[PDB]
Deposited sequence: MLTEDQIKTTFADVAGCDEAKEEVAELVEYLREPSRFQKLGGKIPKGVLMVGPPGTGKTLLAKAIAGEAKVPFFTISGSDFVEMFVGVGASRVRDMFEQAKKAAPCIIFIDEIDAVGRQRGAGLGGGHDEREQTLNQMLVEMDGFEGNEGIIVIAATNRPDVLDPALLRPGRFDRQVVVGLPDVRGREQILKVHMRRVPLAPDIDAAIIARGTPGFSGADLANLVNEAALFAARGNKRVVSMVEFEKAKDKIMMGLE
């Protein structure tokens, strides 16, 4: 299925990520004015879970004032079964009507998973789906202003056909926030939460190395939940301590 985002996302909607926002500047400029521009074709957002990879892709589109499309390669939500070459073609043809635009391939880890022991997939619709995505990118003339984006933490596990020149041959690092980034992100997610005098986002950040953006959003949520559980009007540092610990037990 091809979907389109109906609400714009911009960099204002992305907490932190300052480094990656700078790195994608060139992509935003290409989408705004493709004829002015090697040319971007496929971009992989590379980083661990929770760094906001798909979110940043959506934000590029809103910064450039272009549509954000998503392609799904399976009609079933818990299993990747493919949609086949014809459906892939139809999805690219319809998105290309609206170029310049971003086309985001959902779940590239599944779509690009290596399955044939190098012998190919034949009539397996999963490989038919992958192969047609590659063919469609190779058919871009590069004046259209289309960027195809996907997201992974393991680019080298993907079918190497995906990473050849002209396909997903650019990677953008979307990494974990550093301690300054964590404080920045926490402040965003705490803005509408009632805080005790003892709250110090810098101290929370010191105690949360390796937390992703999602982890930080969830940390604030779990602290707020502990405050609710304790019937407290505001969220204090002890609710953050309880939240941080609960989260460090999912592991």
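Subject >> Deposited residues without C-alpha coordinates, grouped into stretches that follow sequence order >> reply: Those stretches are 38-42, 257, listed in order.
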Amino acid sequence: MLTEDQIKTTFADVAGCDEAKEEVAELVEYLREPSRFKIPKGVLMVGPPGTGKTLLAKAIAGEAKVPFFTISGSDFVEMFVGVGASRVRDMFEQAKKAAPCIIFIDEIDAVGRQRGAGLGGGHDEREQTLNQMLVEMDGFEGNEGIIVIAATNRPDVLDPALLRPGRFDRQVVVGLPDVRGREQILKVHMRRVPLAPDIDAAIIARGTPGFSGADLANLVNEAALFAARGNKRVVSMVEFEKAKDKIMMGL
From here on, numbers count along this sequence of modelled residues.
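**OP:** Look up the CA B-factors in the entry and say which stretch, 136-144 or 151-159, has the higher mean.
**Re:** Going by the record's values, the stretch with the higher mean is 136-144.
Original post:
On average, are the C-alpha B-factors higher in 215-223 or in 28-36?
Top reply: In the deposited entry, the stretch with the higher C-alpha B-factor mean is 28-36.
**OP:** Taking the values exactly as deposited, rank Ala98 by C-alpha B-factor within its chain and report the matching third: lowest, middle or highest.
**Re:** It belongs to the highest third of the chain when residues are ordered by C-alpha B-factor.
Original post:
Which third of the chain does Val111 land in by C-alpha B-factor: lowest, middle or highest?
Top reply: Its C-alpha B-factor, which the entry lists for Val111, ranks in the highest third among residues of this chain.
Original post:
If you rank the chain by CA B-factor, which third does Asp169 end up in: lowest, middle or highest?
Top reply: For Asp169, whose C-alpha B-factor we compare with every modelled residue in the chain, the answer is the middle third.
Original post:
Against its chain's modelled residues, does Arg206's Cα B factor rank lowest, middle or highest third?
Top reply: As the PDB entry reports it, the C-alpha B-factor of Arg206 lands in the lowest third of its chain.
**OP:** Taking the values exactly as deposited, rank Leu119 by C-alpha B-factor within its chain and report the matching third: lowest, middle or highest.
**Re:** Its C-alpha B-factor, which the entry lists for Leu119, ranks in the middle third among residues of this chain.
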